[PDB]
Amino acid sequence: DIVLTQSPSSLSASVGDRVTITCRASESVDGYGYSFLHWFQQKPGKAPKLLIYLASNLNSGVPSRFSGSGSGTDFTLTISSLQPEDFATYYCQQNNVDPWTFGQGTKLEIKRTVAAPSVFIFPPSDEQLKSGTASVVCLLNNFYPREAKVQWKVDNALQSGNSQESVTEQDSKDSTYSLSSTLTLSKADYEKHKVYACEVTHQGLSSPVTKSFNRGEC
Amino acid sequence: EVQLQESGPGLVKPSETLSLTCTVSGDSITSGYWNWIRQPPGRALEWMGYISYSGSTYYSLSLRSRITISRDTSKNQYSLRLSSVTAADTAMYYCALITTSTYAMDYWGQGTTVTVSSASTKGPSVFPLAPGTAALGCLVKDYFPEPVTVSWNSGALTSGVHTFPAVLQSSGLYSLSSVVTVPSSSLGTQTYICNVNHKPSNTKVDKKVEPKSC
Amino acid sequence: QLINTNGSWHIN
């Protein structure tokens, strides 16, 4: 079957940098003077948006920094000078050769300066405690780069194996990340200890930041 | 302007048949080409098939023995049927239109997630993450399958909202939190409610988040 | 306007 190969599969660039993404078709996608090769932009959790149609036509409403080139088997998407909102996965798509296909996507990541996280800690709710489980949540808000270390401590005892992390995708305006770390304990285990603390190590912090609370529906 | 909207069950059992409908507004399905596209989690888009303005169809060869696309112009809808599903069919499913203005997939629905699993649906438990700038949120625990969506104040509060990717727990159920930052001075005066939608179980939960004591 | 049949666009 026809295959579309994109290159590169991922790239990191700073705001204002030029971006070039290639799409190679294993056979010609041309017909009747057109190239049936289209480019899409897909942001996290959203449907793809058409950027360029028929190789070189800018779709209505798309910023002019986007352009497409190419013919036959070789195509290029160019972003002349990147904006923060260009963070996305980009796909090529051909619809003139059976079977229709997409490229495998190119993920564009945005590089920027260091931003320290703002840290918040949340105790478990009384309503959750009834159920026999306690979730303690630590929020790291609006930081860069993504790399961060979160260490839980309960009555000064370091925790391991009972926490899970989740990180947002880069923000469309300032390219930062936010992260949650969730510590899961038994109600019994939660009620036997007092001091709950989340310690955050990140490039933007000269020394680790700890947020804590003392238990109890006090 | 044309708008496309997917609907149908969010969970299907292995071996059974997946059905989805795309309801179209602002344009008649007697123009254009009406497609189904899918995307397994974290993977590339895959074109499945179309039904045209005339009722002609075109299906992906690898899906032919399992796929049907049908339509009802009185309802201005078209539908996907996919038989004998497996875990390979777990995906976000999109309907998309090709118009002859571009010969491209120029208009898309928002997508609907279908998970192929023998496990039962389970709606979420929602708990408060209680509060210059203050943070607050909702913990959305123990639901299946994905996804949940979260809004704040019925969509009126959007700035500073972060809803984290779901994590699969050891229980086989999913969890996530949604947080927002707001002025500390607004605490006690402004009400904050997280609106959790779990379409797979047709459950909605609206949790008010306020300060505690200690 | 071109017409699509079996994946390919043609005159008609």
# chains A, B, ... in the order shown; residues from 1 in each chain; ligands from 1
$ interface_residues --of "chain C" --to "chain B" --cutoff "8 Å" --atoms "only C-alpha atoms" --output "PDB file with N, CA, C and O atoms, in the first residue's frame"
ATOM      1  N   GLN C   1     -16.055  20.295 -11.066  1.00  0.00           N
ATOM      2  CA  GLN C   1     -15.606  19.653  -9.809  1.00  0.00           C
ATOM      3  C   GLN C   1     -15.313  18.171 -10.084  1.00  0.00           C
ATOM      4  O   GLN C   1     -16.105  17.478 -10.734  1.00  0.00           O
ATOM      5  N   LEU C   2     -14.154  17.706  -9.623  1.00  0.00           N
ATOM      6  CA  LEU C   2     -13.776  16.300  -9.776  1.00  0.00           C
ATOM      7  C   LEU C   2     -14.646  15.432  -8.873  1.00  0.00           C
ATOM      8  O   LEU C   2     -15.160  15.890  -7.847  1.00  0.00           O
ATOM      9  N   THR C   5     -13.981   8.162  -7.043  1.00  0.00           N
ATOM     10  CA  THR C   5     -14.435   6.764  -7.121  1.00  0.00           C
ATOM     11  C   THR C   5     -13.280   5.875  -6.667  1.00  0.00           C
ATOM     12  O   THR C   5     -12.171   5.974  -7.186  1.00  0.00           O
ATOM     13  N   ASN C   6     -13.528   5.044  -5.652  1.00  0.00           N
ATOM     14  CA  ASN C   6     -12.536   4.088  -5.164  1.00  0.00           C
ATOM     15  C   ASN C   6     -11.204   4.748  -4.805  1.00  0.00           C
ATOM     16  O   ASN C   6     -10.138   4.168  -4.979  1.00  0.00           O
ATOM     17  N   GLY C   7     -11.280   5.977  -4.290  1.00  0.00           N
ATOM     18  CA  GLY C   7     -10.114   6.673  -3.756  1.00  0.00           C
ATOM     19  C   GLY C   7      -9.489   7.688  -4.694  1.00  0.00           C
ATOM     20  O   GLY C   7      -8.705   8.513  -4.238  1.00  0.00           O
TER      21      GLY C   7
END
$ interface_residues --of "chain A" --to "chain C" --cutoff "7 Å" --atoms "only C-alpha atoms" --output "ChimeraX atom specification"
/A:95-100
$ residues_around --residues "residue A:56" --least-positions-apart "4" --cutoff "12 Å" --atoms "only C-alpha atoms" --output "mmCIF file with C-alpha atoms, in the first residue's frame"
data_model
loop_
_atom_site.group_PDB
_atom_site.id
_atom_site.type_symbol
_atom_site.label_atom_id
_atom_site.label_comp_id
_atom_site.auth_asym_id
_atom_site.auth_seq_id
_atom_site.Cartn_x
_atom_site.Cartn_y
_atom_site.Cartn_z
ATOM 1 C CA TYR A 34 -3.313 18.818 -8.459
ATOM 2 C CA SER A 35 -1.281 17.188 -5.710
ATOM 3 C CA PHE A 36 -3.717 15.519 -3.296
ATOM 4 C CA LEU A 37 -1.493 16.053 -0.277
ATOM 5 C CA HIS A 38 -2.848 18.013 2.665
ATOM 6 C CA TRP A 39 -1.429 19.161 5.983
ATOM 7 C CA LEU A 51 -3.721 24.026 7.384
ATOM 8 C CA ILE A 52 -2.753 23.494 3.736
ATOM 9 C CA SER A 64 0.407 33.227 6.581
ATOM 10 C CA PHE A 66 2.294 28.501 7.288
ATOM 11 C CA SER A 67 3.097 27.392 3.760
ATOM 12 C CA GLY A 68 3.317 24.202 1.729
ATOM 13 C CA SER A 69 5.426 23.132 -1.225
ATOM 14 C CA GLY A 70 5.978 20.078 -3.386
ATOM 15 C CA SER A 71 4.728 17.874 -6.168
ATOM 16 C CA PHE A 75 6.223 17.664 0.073
ATOM 17 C CA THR A 76 7.193 20.259 2.671
ATOM 18 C CA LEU A 77 5.298 22.184 5.349
ATOM 19 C CA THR A 78 7.088 25.339 6.515
ATOM 20 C CA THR B 102 -10.428 21.946 -1.124
#
$ select_by_dssp --residues "stretch 24-172 of chain B" --states "helix (DSSP H, G or I)" --output "MDAnalysis selection string"
chainID B and resid 61:63 87:89 153:155
$ closest_atom_pairs --of "chain A" --to "chain B" --cutoff "7 Å" --atoms "only C-alpha atoms" --output "tab-separated table"
residue	atom	partner	partner_atom	distance
A:38	CA	B:104	CA	6.7
A:46	CA	B:110	CA	6.6
A:47	CA	B:110	CA	5.6
A:50	CA	B:106	CA	5.7
A:53	CA	B:102	CA	6.0
A:99	CA	B:60	CA	6.0
A:100	CA	B:47	CA	6.5
A:101	CA	B:47	CA	6.3
A:102	CA	B:45	CA	6.3
A:104	CA	B:44	CA	5.3
A:105	CA	B:44	CA	6.4
A:122	CA	B:129	CA	5.8
A:125	CA	B:128	CA	6.4
A:128	CA	B:127	CA	6.8
A:166	CA	B:165	CA	6.0
A:167	CA	B:164	CA	6.3
A:168	CA	B:164	CA	5.6
A:217	CA	B:214	CA	6.4
A:218	CA	B:214	CA	4.8
$ write_last_selection --atoms "N, CA and C atoms" --output "PDB file, in the first residue's frame"
ATOM      1  N   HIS A  38      -2.309  16.987   1.787  1.00  0.00           N
ATOM      2  CA  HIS A  38      -2.848  18.013   2.665  1.00  0.00           C
ATOM      3  C   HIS A  38      -2.159  17.937   4.009  1.00  0.00           C
ATOM      4  N   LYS A  46      -7.883  17.534  20.750  1.00  0.00           N
ATOM      5  CA  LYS A  46      -8.743  18.157  19.745  1.00  0.00           C
ATOM      6  C   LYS A  46      -8.680  17.462  18.386  1.00  0.00           C
ATOM      7  N   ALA A  47      -9.711  17.676  17.570  1.00  0.00           N
ATOM      8  CA  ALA A  47      -9.686  17.233  16.199  1.00  0.00           C
ATOM      9  C   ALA A  47      -8.597  17.948  15.403  1.00  0.00           C
ATOM     10  N   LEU A  50      -7.344  21.522   9.279  1.00  0.00           N
ATOM     11  CA  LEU A  50      -6.701  21.653   7.982  1.00  0.00           C
ATOM     12  C   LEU A  50      -5.902  22.960   7.908  1.00  0.00           C
ATOM     13  N   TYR A  53      -4.144  22.794   1.866  1.00  0.00           N
ATOM     14  CA  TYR A  53      -4.796  21.820   1.001  1.00  0.00           C
ATOM     15  C   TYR A  53      -4.165  21.805  -0.386  1.00  0.00           C
ATOM     16  N   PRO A  99      -5.098   2.743  -0.722  1.00  0.00           N
ATOM     17  CA  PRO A  99      -5.996   3.331   0.269  1.00  0.00           C
ATOM     18  C   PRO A  99      -5.520   4.693   0.735  1.00  0.00           C
ATOM     19  N   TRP A 100      -6.457   5.568   1.072  1.00  0.00           N
ATOM     20  CA  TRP A 100      -6.074   6.858   1.654  1.00  0.00           C
ATOM     21  C   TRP A 100      -5.322   6.662   2.964  1.00  0.00           C
ATOM     22  N   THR A 101      -4.363   7.534   3.224  1.00  0.00           N
ATOM     23  CA  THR A 101      -3.528   7.394   4.401  1.00  0.00           C
ATOM     24  C   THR A 101      -3.102   8.730   4.979  1.00  0.00           C
ATOM     25  N   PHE A 102      -2.588   8.678   6.201  1.00  0.00           N
ATOM     26  CA  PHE A 102      -1.940   9.793   6.887  1.00  0.00           C
ATOM     27  C   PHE A 102      -0.469   9.437   7.119  1.00  0.00           C
ATOM     28  N   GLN A 104       2.754   9.600   9.862  1.00  0.00           N
ATOM     29  CA  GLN A 104       2.745   9.152  11.259  1.00  0.00           C
ATOM     30  C   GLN A 104       2.787  10.298  12.254  1.00  0.00           C
ATOM     31  N   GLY A 105       2.894  11.525  11.747  1.00  0.00           N
ATOM     32  CA  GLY A 105       2.892  12.703  12.587  1.00  0.00           C
ATOM     33  C   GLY A 105       4.270  13.203  12.953  1.00  0.00           C
ATOM     34  N   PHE A 122      -2.759  19.667  48.692  1.00  0.00           N
ATOM     35  CA  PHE A 122      -4.164  19.497  49.052  1.00  0.00           C
ATOM     36  C   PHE A 122      -4.352  18.239  49.886  1.00  0.00           C
ATOM     37  N   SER A 125     -10.197  14.920  51.127  1.00  0.00           N
ATOM     38  CA  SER A 125     -11.484  15.368  51.642  1.00  0.00           C
ATOM     39  C   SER A 125     -12.004  14.400  52.697  1.00  0.00           C
ATOM     40  N   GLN A 128     -14.027  11.590  50.986  1.00  0.00           N
ATOM     41  CA  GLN A 128     -13.208  10.489  50.467  1.00  0.00           C
ATOM     42  C   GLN A 128     -12.751   9.558  51.580  1.00  0.00           C
ATOM     43  N   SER A 166       1.172  13.102  36.762  1.00  0.00           N
ATOM     44  CA  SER A 166       0.573  13.418  35.477  1.00  0.00           C
ATOM     45  C   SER A 166       0.971  14.835  35.088  1.00  0.00           C
ATOM     46  N   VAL A 167       1.319  15.027  33.820  1.00  0.00           N
ATOM     47  CA  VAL A 167       1.840  16.297  33.335  1.00  0.00           C
ATOM     48  C   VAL A 167       0.981  16.762  32.168  1.00  0.00           C
ATOM     49  N   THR A 168       0.692  18.057  32.132  1.00  0.00           N
ATOM     50  CA  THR A 168      -0.045  18.633  31.033  1.00  0.00           C
ATOM     51  C   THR A 168       0.850  18.720  29.803  1.00  0.00           C
ATOM     52  N   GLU A 217      -9.427  16.649  60.343  1.00  0.00           N
ATOM     53  CA  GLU A 217     -10.510  17.551  59.977  1.00  0.00           C
ATOM     54  C   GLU A 217     -10.527  18.704  60.971  1.00  0.00           C
ATOM     55  N   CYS A 218      -9.329  19.112  61.377  1.00  0.00           N
ATOM     56  CA  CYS A 218      -9.134  20.193  62.332  1.00  0.00           C
ATOM     57  C   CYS A 218      -9.845  21.474  61.908  1.00  0.00           C
TER      58      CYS A 218
END
$ select_by_dssp --residues "stretch 70-206 of chain A" --states "strand (DSSP E)" --output "MDAnalysis selection string"
chainID A and resid 70:71 74:79 88:94 101:102 106:111 118:122 133:143 149:154 157:158 163:167 177:186 195:201
$ residues_around --residues "residue A:139" --least-positions-apart "5" --cutoff "9 Å" --atoms "only C-alpha atoms" --output "MDAnalysis selection string"
(chainID A and resid 117:122 178:182) or (chainID B and resid 135 179)
$ write_last_selection --atoms "C-alpha atoms" --output "mmCIF file, in the first residue's frame"
data_model
loop_
_atom_site.group_PDB
_atom_site.id
_atom_site.type_symbol
_atom_site.label_atom_id
_atom_site.label_comp_id
_atom_site.auth_asym_id
_atom_site.auth_seq_id
_atom_site.Cartn_x
_atom_site.Cartn_y
_atom_site.Cartn_z
ATOM 1 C CA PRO A 117 6.866 25.942 39.498
ATOM 2 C CA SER A 118 4.396 27.341 41.971
ATOM 3 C CA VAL A 119 3.643 24.492 44.397
ATOM 4 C CA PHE A 120 0.381 23.678 46.214
ATOM 5 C CA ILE A 121 -0.625 20.774 48.456
ATOM 6 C CA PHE A 122 -4.164 19.497 49.052
ATOM 7 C CA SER A 178 1.893 21.856 35.020
ATOM 8 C CA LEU A 179 2.060 18.608 36.947
ATOM 9 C CA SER A 180 0.079 16.740 39.563
ATOM 10 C CA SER A 181 1.536 14.185 41.951
ATOM 11 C CA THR A 182 -1.002 12.090 43.820
ATOM 12 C CA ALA B 135 -5.285 27.052 43.735
ATOM 13 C CA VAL B 179 -7.252 22.538 38.971
#
$ atom_distance --atom1 "atom CA of residue A:129" --atom2 "atom CA of residue B:140"
14.6 Å
$ decode --residues "stretch 100-128 of chain A" --atoms "N, CA and C atoms" --output "PDB file, in the first residue's frame"
ATOM      1  N   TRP A 100      -6.457   5.568   1.072  1.00  0.00           N
ATOM      2  CA  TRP A 100      -6.074   6.858   1.654  1.00  0.00           C
ATOM      3  C   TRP A 100      -5.322   6.662   2.964  1.00  0.00           C
ATOM      4  N   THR A 101      -4.363   7.534   3.224  1.00  0.00           N
ATOM      5  CA  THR A 101      -3.528   7.394   4.401  1.00  0.00           C
ATOM      6  C   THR A 101      -3.102   8.730   4.979  1.00  0.00           C
ATOM      7  N   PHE A 102      -2.588   8.678   6.201  1.00  0.00           N
ATOM      8  CA  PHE A 102      -1.940   9.793   6.887  1.00  0.00           C
ATOM      9  C   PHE A 102      -0.469   9.437   7.119  1.00  0.00           C
ATOM     10  N   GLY A 103       0.362  10.452   7.239  1.00  0.00           N
ATOM     11  CA  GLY A 103       1.699  10.284   7.786  1.00  0.00           C
ATOM     12  C   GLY A 103       1.618   9.954   9.262  1.00  0.00           C
ATOM     13  N   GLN A 104       2.754   9.600   9.862  1.00  0.00           N
ATOM     14  CA  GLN A 104       2.745   9.152  11.259  1.00  0.00           C
ATOM     15  C   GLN A 104       2.787  10.298  12.254  1.00  0.00           C
ATOM     16  N   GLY A 105       2.894  11.525  11.747  1.00  0.00           N
ATOM     17  CA  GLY A 105       2.892  12.703  12.587  1.00  0.00           C
ATOM     18  C   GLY A 105       4.270  13.203  12.953  1.00  0.00           C
ATOM     19  N   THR A 106       4.367  14.522  13.121  1.00  0.00           N
ATOM     20  CA  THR A 106       5.562  15.188  13.631  1.00  0.00           C
ATOM     21  C   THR A 106       5.168  16.034  14.826  1.00  0.00           C
ATOM     22  N   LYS A 107       5.763  15.757  15.976  1.00  0.00           N
ATOM     23  CA  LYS A 107       5.481  16.484  17.197  1.00  0.00           C
ATOM     24  C   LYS A 107       6.424  17.670  17.291  1.00  0.00           C
ATOM     25  N   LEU A 108       5.860  18.876  17.375  1.00  0.00           N
ATOM     26  CA  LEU A 108       6.631  20.111  17.572  1.00  0.00           C
ATOM     27  C   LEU A 108       6.561  20.531  19.018  1.00  0.00           C
ATOM     28  N   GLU A 109       7.721  20.535  19.670  1.00  0.00           N
ATOM     29  CA  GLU A 109       7.880  21.006  21.043  1.00  0.00           C
ATOM     30  C   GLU A 109       8.533  22.378  21.024  1.00  0.00           C
ATOM     31  N   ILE A 110       8.136  23.228  21.963  1.00  0.00           N
ATOM     32  CA  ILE A 110       8.639  24.592  22.053  1.00  0.00           C
ATOM     33  C   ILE A 110       9.630  24.733  23.206  1.00  0.00           C
ATOM     34  N   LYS A 111      10.830  25.208  22.867  1.00  0.00           N
ATOM     35  CA  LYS A 111      11.874  25.502  23.843  1.00  0.00           C
ATOM     36  C   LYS A 111      11.718  26.935  24.321  1.00  0.00           C
ATOM     37  N   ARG A 112      12.025  27.173  25.595  1.00  0.00           N
ATOM     38  CA  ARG A 112      11.938  28.508  26.189  1.00  0.00           C
ATOM     39  C   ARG A 112      12.813  28.588  27.440  1.00  0.00           C
ATOM     40  N   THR A 113      12.779  29.727  28.125  1.00  0.00           N
ATOM     41  CA  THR A 113      13.570  29.918  29.340  1.00  0.00           C
ATOM     42  C   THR A 113      12.977  29.169  30.536  1.00  0.00           C
ATOM     43  N   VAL A 114      13.798  29.004  31.563  1.00  0.00           N
ATOM     44  CA  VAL A 114      13.399  28.313  32.765  1.00  0.00           C
ATOM     45  C   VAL A 114      12.301  29.107  33.466  1.00  0.00           C
ATOM     46  N   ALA A 115      11.312  28.384  33.979  1.00  0.00           N
ATOM     47  CA  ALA A 115      10.260  28.968  34.806  1.00  0.00           C
ATOM     48  C   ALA A 115      10.055  28.050  36.001  1.00  0.00           C
ATOM     49  N   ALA A 116      10.171  28.599  37.203  1.00  0.00           N
ATOM     50  CA  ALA A 116       9.994  27.804  38.411  1.00  0.00           C
ATOM     51  C   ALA A 116       8.520  27.470  38.609  1.00  0.00           C
ATOM     52  N   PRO A 117       8.237  26.279  39.153  1.00  0.00           N
ATOM     53  CA  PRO A 117       6.866  25.942  39.498  1.00  0.00           C
ATOM     54  C   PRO A 117       6.385  26.668  40.741  1.00  0.00           C
ATOM     55  N   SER A 118       5.094  26.973  40.758  1.00  0.00           N
ATOM     56  CA  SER A 118       4.396  27.341  41.971  1.00  0.00           C
ATOM     57  C   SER A 118       3.787  26.048  42.500  1.00  0.00           C
ATOM     58  N   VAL A 119       3.979  25.780  43.787  1.00  0.00           N
ATOM     59  CA  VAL A 119       3.643  24.492  44.397  1.00  0.00           C
ATOM     60  C   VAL A 119       2.483  24.653  45.393  1.00  0.00           C
ATOM     61  N   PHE A 120       1.535  23.720  45.320  1.00  0.00           N
ATOM     62  CA  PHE A 120       0.381  23.678  46.214  1.00  0.00           C
ATOM     63  C   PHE A 120       0.145  22.245  46.664  1.00  0.00           C
ATOM     64  N   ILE A 121      -0.282  22.085  47.910  1.00  0.00           N
ATOM     65  CA  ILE A 121      -0.625  20.774  48.456  1.00  0.00           C
ATOM     66  C   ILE A 121      -2.077  20.783  48.930  1.00  0.00           C
ATOM     67  N   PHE A 122      -2.759  19.667  48.692  1.00  0.00           N
ATOM     68  CA  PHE A 122      -4.164  19.497  49.052  1.00  0.00           C
ATOM     69  C   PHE A 122      -4.352  18.239  49.886  1.00  0.00           C
ATOM     70  N   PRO A 123      -4.953  18.374  51.077  1.00  0.00           N
ATOM     71  CA  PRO A 123      -5.289  17.186  51.830  1.00  0.00           C
ATOM     72  C   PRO A 123      -6.455  16.426  51.193  1.00  0.00           C
ATOM     73  N   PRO A 124      -6.646  15.158  51.586  1.00  0.00           N
ATOM     74  CA  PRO A 124      -7.838  14.433  51.179  1.00  0.00           C
ATOM     75  C   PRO A 124      -9.074  15.025  51.828  1.00  0.00           C
ATOM     76  N   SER A 125     -10.197  14.920  51.127  1.00  0.00           N
ATOM     77  CA  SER A 125     -11.484  15.368  51.642  1.00  0.00           C
ATOM     78  C   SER A 125     -12.004  14.400  52.697  1.00  0.00           C
ATOM     79  N   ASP A 126     -12.817  14.921  53.613  1.00  0.00           N
ATOM     80  CA  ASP A 126     -13.503  14.087  54.598  1.00  0.00           C
ATOM     81  C   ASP A 126     -14.437  13.071  53.927  1.00  0.00           C
ATOM     82  N   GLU A 127     -15.076  13.470  52.827  1.00  0.00           N
ATOM     83  CA  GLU A 127     -15.980  12.572  52.107  1.00  0.00           C
ATOM     84  C   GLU A 127     -15.244  11.372  51.499  1.00  0.00           C
ATOM     85  N   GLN A 128     -14.027  11.590  50.986  1.00  0.00           N
ATOM     86  CA  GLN A 128     -13.208  10.489  50.467  1.00  0.00           C
ATOM     87  C   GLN A 128     -12.751   9.558  51.580  1.00  0.00           C
TER      88      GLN A 128
END
